[PDB]
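**Q** Input: one structure, supplied below.
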Amino acid sequence: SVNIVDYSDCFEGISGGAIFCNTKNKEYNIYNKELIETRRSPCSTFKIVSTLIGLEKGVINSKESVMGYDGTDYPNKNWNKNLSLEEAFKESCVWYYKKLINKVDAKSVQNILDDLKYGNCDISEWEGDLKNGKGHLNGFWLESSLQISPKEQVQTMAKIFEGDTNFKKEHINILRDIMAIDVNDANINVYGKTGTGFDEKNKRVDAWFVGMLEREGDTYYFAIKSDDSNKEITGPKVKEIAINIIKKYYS
Ligand SMILES: *C(=O)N1C[C@H](NOS(=O)(=O)O)CC[C@H]1C(N)=O
């Protein structure tokens, strides 16, 4: 049941698209089909998968797990501490997740992405987009070789959270816990992660909010994506749009 829908009023003039999928009744709701099928860098939404990779390989073990902060100075106050998994996920702490993933061999990551059908599964540029000058604050998931479409994001979220992967249930529940967000509506449970990048080649943002919604027995897996040319459009802004869509059409 694939419905093409018009969520444009919630996008308040920003270029983008949305896809919501309920796998129980296979009701696919799509705004801007062309964009929803286009692969792009996942940016910080990759933290959903890298958290699971780290748990499966034992690099981390719980919401409390630390990565051994070494005292390096960062402009974000909250990166300058021995933060837990839960805090690094919510702060999108790049050094924590870079150190995590660099403890994992490339073959293991390749095979996990292949199993998840995670877009092009292209980790060939492991170091990331070094031409931006940011050095070790870079990786294959940040405007680099790995690309995934919004529709594929939803398919991956569904496989993970419906229990259809080999990841341990314990590890899925840790991810659920740390992705939960507060939308000031107790009648829906929303979970997700933002991502922000700028596509230098095409001069457009990659601004993401990916996650799931639970509303009384029904679950929707969703991905909201902007490709606007305005650099002010970030992941957090697209999360605002996503929340407005959820409150208008999914309450
Ligand atoms: C992930 O996309 N990133 C890490 C960090 N958080 O992004 S978020 O607020 O959209 O979740 C900063 C932006 C980006 C990056 N430049 O690495």
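Every chain in the structure tokens has a letter given in the order shown (A, B, ...), and although residue numbers restart at 1 in each chain, ligands are simply numbered from 1 in the order shown.
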Let me see if you get this right: every residue at most 8 Å from ligand 1, counting only C-alpha atoms and all ligand atoms, written as an MDAnalysis selection string.
**A** chainID A and resid 42:45 90:94 137:138 142 193:197 207:208 234:236
**Q** Go ahead and write the residues just picked, C-alpha atoms, as a PDB file, in the first residue's frame.
**A**
```pdb
ATOM      1  CA  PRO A  42      24.271   9.106   6.228  1.00  0.00           C
ATOM      2  CA  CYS A  43      26.429  11.507   8.273  1.00  0.00           C
ATOM      3  CA  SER A  44      25.728  11.210  12.008  1.00  0.00           C
ATOM      4  CA  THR A  45      22.728   8.900  11.474  1.00  0.00           C
ATOM      5  CA  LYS A  90      23.070  12.462  22.320  1.00  0.00           C
ATOM      6  CA  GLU A  91      25.973  14.910  21.911  1.00  0.00           C
ATOM      7  CA  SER A  92      26.975  13.281  18.578  1.00  0.00           C
ATOM      8  CA  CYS A  93      30.550  13.176  19.922  1.00  0.00           C
ATOM      9  CA  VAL A  94      32.722  12.513  16.871  1.00  0.00           C
ATOM     10  CA  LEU A 137      37.335  14.175  12.697  1.00  0.00           C
ATOM     11  CA  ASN A 138      36.320  12.369   9.510  1.00  0.00           C
ATOM     12  CA  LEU A 142      30.647  11.560   6.845  1.00  0.00           C
ATOM     13  CA  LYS A 193      18.971  10.416  15.327  1.00  0.00           C
ATOM     14  CA  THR A 194      19.901  13.573  13.391  1.00  0.00           C
ATOM     15  CA  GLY A 195      22.637  13.934  10.820  1.00  0.00           C
ATOM     16  CA  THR A 196      24.237  16.970   9.209  1.00  0.00           C
ATOM     17  CA  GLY A 197      26.603  17.262   6.276  1.00  0.00           C
ATOM     18  CA  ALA A 207      20.207  16.995   6.688  1.00  0.00           C
ATOM     19  CA  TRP A 208      18.599  13.926   8.245  1.00  0.00           C
ATOM     20  CA  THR A 234      20.740  21.128   9.594  1.00  0.00           C
ATOM     21  CA  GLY A 235      19.763  17.809  11.107  1.00  0.00           C
ATOM     22  CA  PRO A 236      18.134  19.517  14.103  1.00  0.00           C
TER      23      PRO A 236
END
```
**Q** Show me a table, sorted first by chain and then by increasing residue number, of the residues of range 144-177 of chain A having an atom at most 9 Å from range 46-61 of chain A, each with its shortest atom pair and the distance in Å to one decimal, counting only C-alpha atoms and written as a tab-separated table.
**A**
```
residue	atom	partner	partner_atom	distance
A:157	CA	A:48	CA	8.8
A:167	CA	A:56	CA	6.8
A:168	CA	A:56	CA	7.5
A:171	CA	A:55	CA	6.4
A:172	CA	A:52	CA	7.4
A:174	CA	A:52	CA	9.0
A:175	CA	A:48	CA	7.2
```
**Q** What parts of range 25-248 of chain A does DSSP call helix (DSSP H, G or I)? I'd like the answer as a VMD selection string.
**A** chain A and resid 33 to 36 43 to 56 77 to 79 85 to 91 94 to 101 106 to 116 130 to 132 150 to 161 169 to 179 235 to 248
**Q** So, with only C-alpha atoms as the atoms that count, which of A:239, A:201, A:26, A:98 lies closest to residue 127 in chain A?
**A**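 When distances to residue 127 in chain A are compared using only C-alpha atoms, the smallest one comes from A:98.
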**Q** Considering only C-alpha atoms, return as an mmCIF file with N, CA, C and O atoms, in the first residue's frame whatever protein or nucleic-acid residues lie within 9 Å of range 23-25 of chain A, sequence-local ones (same chain, fewer than 4 positions apart) excluded.
**A**
```
data_model
loop_
_atom_site.group_PDB
_atom_site.id
_atom_site.type_symbol
_atom_site.label_atom_id
_atom_site.label_comp_id
_atom_site.auth_asym_id
_atom_site.auth_seq_id
_atom_site.Cartn_x
_atom_site.Cartn_y
_atom_site.Cartn_z
ATOM 1 N N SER A 1 0.835 -1.199 0.000
ATOM 2 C CA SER A 1 0.000 0.000 0.000
ATOM 3 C C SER A 1 0.873 1.253 0.000
ATOM 4 O O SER A 1 1.089 1.866 1.051
ATOM 5 N N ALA A 158 13.819 -0.879 10.242
ATOM 6 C CA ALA A 158 12.825 -1.929 10.421
ATOM 7 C C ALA A 158 13.482 -3.276 10.711
ATOM 8 O O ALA A 158 13.066 -3.985 11.637
ATOM 9 N N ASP A 218 0.792 0.030 16.719
ATOM 10 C CA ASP A 218 1.410 0.322 15.432
ATOM 11 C C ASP A 218 2.777 0.977 15.601
ATOM 12 O O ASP A 218 2.980 1.820 16.480
ATOM 13 N N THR A 219 3.704 0.592 14.733
ATOM 14 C CA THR A 219 5.036 1.177 14.645
ATOM 15 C C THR A 219 5.272 1.663 13.221
ATOM 16 O O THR A 219 4.969 0.941 12.265
ATOM 17 N N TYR A 220 5.804 2.881 13.084
ATOM 18 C CA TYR A 220 6.225 3.415 11.794
ATOM 19 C C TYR A 220 7.725 3.663 11.832
ATOM 20 O O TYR A 220 8.227 4.315 12.751
ATOM 21 N N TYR A 221 8.431 3.145 10.834
ATOM 22 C CA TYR A 221 9.831 3.475 10.616
ATOM 23 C C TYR A 221 9.886 4.641 9.635
ATOM 24 O O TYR A 221 9.119 4.684 8.670
#
```
**Q** Contacts of residue 113 in chain A at 12 Å or less, counting only C-alpha atoms, minus same-chain residues fewer than 6 places along, as a count of residues only?
**A** 20
**Q** Report as a ChimeraX atom specification: the residues of range 28-247 of chain A with a DSSP assignment of strand (DSSP E or B), based on the backbone of this structure.
**A** /A:28-31,40,148,180-181,189-199,204-215,218-226
**Q** Can I get the selected residues back with C-alpha atoms, as a compact mmCIF listing (two decimals), in the first residue's frame?
**A**
```txt
# COMPACT_ATOMS: atom_id res chain seq x y z
CA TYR A 28 4.35 3.02 2.71
CA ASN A 29 3.73 6.81 2.84
CA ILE A 30 6.12 8.74 0.57
CA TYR A 31 6.65 12.48 0.05
CA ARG A 40 23.43 10.17 0.16
CA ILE A 148 22.31 5.24 1.66
CA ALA A 180 14.33 7.95 22.66
CA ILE A 181 13.34 11.60 22.34
CA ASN A 189 6.99 7.11 21.56
CA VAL A 190 9.48 8.69 19.14
CA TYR A 191 13.07 7.50 18.65
CA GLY A 192 15.66 8.81 16.23
CA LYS A 193 18.97 10.42 15.33
CA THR A 194 19.90 13.57 13.39
CA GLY A 195 22.64 13.93 10.82
CA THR A 196 24.24 16.97 9.21
CA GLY A 197 26.60 17.26 6.28
CA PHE A 198 27.27 19.47 3.30
CA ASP A 199 27.66 17.94 -0.16
CA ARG A 204 23.50 20.99 -1.07
CA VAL A 205 23.04 19.98 2.56
CA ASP A 206 22.52 16.42 3.71
CA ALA A 207 20.21 16.99 6.69
CA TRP A 208 18.60 13.93 8.24
CA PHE A 209 16.25 12.69 10.92
CA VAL A 210 15.86 8.87 10.94
CA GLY A 211 14.00 6.73 13.48
CA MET A 212 10.74 5.16 14.48
CA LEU A 213 7.39 6.02 16.01
CA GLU A 214 5.23 3.82 18.23
CA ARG A 215 1.58 4.70 18.62
CA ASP A 218 1.41 0.32 15.43
CA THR A 219 5.04 1.18 14.65
CA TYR A 220 6.23 3.41 11.79
CA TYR A 221 9.83 3.48 10.62
CA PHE A 222 10.70 6.83 9.10
CA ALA A 223 13.35 8.92 7.38
CA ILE A 224 13.12 12.67 6.76
CA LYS A 225 15.76 14.24 4.51
CA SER A 226 16.53 17.69 3.15
```
